[PDB]
Amino acid sequence: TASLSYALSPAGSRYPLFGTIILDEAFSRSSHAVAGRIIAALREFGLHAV
Amino acid sequence: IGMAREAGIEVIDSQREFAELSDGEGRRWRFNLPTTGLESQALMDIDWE
């Protein structure tokens with residue numbers, strides 16, 4: 001997610017110009033607290049997500 | 001049990017102690033449990049997400 005976010009952030013910006021992302025099996029391997037850790041990191045990275 | 005272990009409230013388990021409780025749709029059941037006791041201080045000190 002970090003690599004994707006920075007990659008999508010154009011020059012002169014730190015946030016992904018293409019804000020939307022898809023996440024299949026979003027959390028099919030983690031418990032809700034750790035999934036929420038992903039939520040925090042993902043969202044904090046300037047990412048609109050599905 | 002997970003909160004007890006995460007915060008630090010330790011759990012002992014060699015015992016047969018029982019309870020009787022019902023699930024979401026009224027169907028009732030009998031339970032067997034391990035030995036331990038939860039406390040507010042350890043849980044409020046530790047964080048949750």
# chains A, B, ... in the order shown; residues from 1 in each chain; ligands from 1

call {"tool": "select_by_dssp", "arguments": {"residues": "chain A", "states": "strand (DSSP E or B)", "output": "ChimeraX atom specification"}}
result
/A:20-21,48-49

call {"tool": "write_last_selection", "arguments": {"atoms": "N, CA, C and O atoms", "output": "compact mmCIF listing (two decimals), in the first residue's frame"}}
result
# COMPACT_ATOMS: atom_id res chain seq x y z
N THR A 20 -8.45 5.80 -5.51
CA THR A 20 -9.24 4.60 -5.28
C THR A 20 -8.36 3.36 -5.39
O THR A 20 -7.42 3.33 -6.19
N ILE A 21 -8.67 2.35 -4.58
CA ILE A 21 -7.99 1.06 -4.62
C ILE A 21 -9.02 -0.03 -4.34
O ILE A 21 -10.06 0.22 -3.72
N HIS A 48 -8.38 6.17 -0.91
CA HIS A 48 -9.77 5.76 -1.01
C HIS A 48 -9.81 4.30 -1.42
O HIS A 48 -9.12 3.90 -2.36
N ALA A 49 -10.59 3.49 -0.71
CA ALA A 49 -10.48 2.05 -0.82
C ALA A 49 -11.85 1.40 -0.97
O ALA A 49 -12.88 1.97 -0.59

call {"tool": "interface_residues", "arguments": {"of": "chain A", "to": "chain B", "cutoff": "9 Å", "atoms": "only C-alpha atoms", "output": "compact mmCIF listing (two decimals) with N, CA and C atoms, in the first residue's frame"}}
result
# COMPACT_ATOMS: atom_id res chain seq x y z
N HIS A 32 -10.08 -8.53 13.82
CA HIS A 32 -10.60 -7.19 13.54
C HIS A 32 -9.66 -6.09 13.99
N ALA A 33 -8.94 -6.29 15.10
CA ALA A 33 -8.00 -5.26 15.54
C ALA A 33 -6.88 -5.09 14.53
N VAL A 34 -6.32 -6.20 14.05
CA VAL A 34 -5.21 -6.12 13.11
C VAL A 34 -5.70 -5.63 11.75
N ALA A 35 -6.88 -6.11 11.34
CA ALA A 35 -7.53 -5.56 10.16
C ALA A 35 -7.70 -4.05 10.29
N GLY A 36 -8.07 -3.58 11.47
CA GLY A 36 -8.16 -2.15 11.69
C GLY A 36 -6.82 -1.47 11.61
N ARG A 37 -5.75 -2.17 12.00
CA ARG A 37 -4.42 -1.62 11.76
C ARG A 37 -4.21 -1.39 10.27

call {"tool": "atom_distance", "arguments": {"atom1": "CA of residue 12 in chain B", "atom2": "CA of residue 28 in chain B"}}
result
26.6 Å

call {"tool": "residues_around", "arguments": {"residues": "residue 33 in chain B", "least_positions_apart": "5", "cutoff": "12 Å", "atoms": "only C-alpha atoms", "output": "list in words"}}
result
residues 1, 11, 12, 13, 14, 15, 16, 17, 18, 19 and 20 of chain B

call {"tool": "select_by_dssp", "arguments": {"residues": "chain B", "states": "helix (DSSP H, G or I)", "output": "ChimeraX atom specification"}}
result
/B:2-7,40-45

call {"tool": "residues_around", "arguments": {"residues": "residue 21 in chain B", "least_positions_apart": "3", "cutoff": "10 Å", "atoms": "only C-alpha atoms", "output": "list in words"}}
result
residues 26, 27, 28, 29, 30 and 31 of chain B

call {"tool": "write_last_selection", "arguments": {"atoms": "N, CA and C atoms", "output": "mmCIF file, in the first residue's frame"}}
result
data_model
loop_
_atom_site.group_PDB
_atom_site.id
_atom_site.type_symbol
_atom_site.label_atom_id
_atom_site.label_comp_id
_atom_site.auth_asym_id
_atom_site.auth_seq_id
_atom_site.Cartn_x
_atom_site.Cartn_y
_atom_site.Cartn_z
ATOM 1 N N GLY B 26 -32.425 -17.952 21.731
ATOM 2 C CA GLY B 26 -33.091 -18.555 22.866
ATOM 3 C C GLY B 26 -32.656 -19.963 23.203
ATOM 4 N N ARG B 27 -32.023 -20.669 22.273
ATOM 5 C CA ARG B 27 -31.605 -22.039 22.530
ATOM 6 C C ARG B 27 -30.548 -22.069 23.627
ATOM 7 N N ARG B 28 -30.787 -22.886 24.650
ATOM 8 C CA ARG B 28 -29.998 -22.860 25.872
ATOM 9 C C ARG B 28 -28.974 -23.987 25.869
ATOM 10 N N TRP B 29 -27.958 -23.846 26.719
ATOM 11 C CA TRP B 29 -26.790 -24.714 26.671
ATOM 12 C C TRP B 29 -26.107 -24.770 28.028
ATOM 13 N N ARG B 30 -25.184 -25.720 28.151
ATOM 14 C CA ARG B 30 -24.342 -25.886 29.327
ATOM 15 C C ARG B 30 -22.881 -25.725 28.932
ATOM 16 N N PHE B 31 -22.106 -25.065 29.791
ATOM 17 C CA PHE B 31 -20.731 -24.692 29.495
ATOM 18 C C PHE B 31 -19.784 -25.199 30.575
#
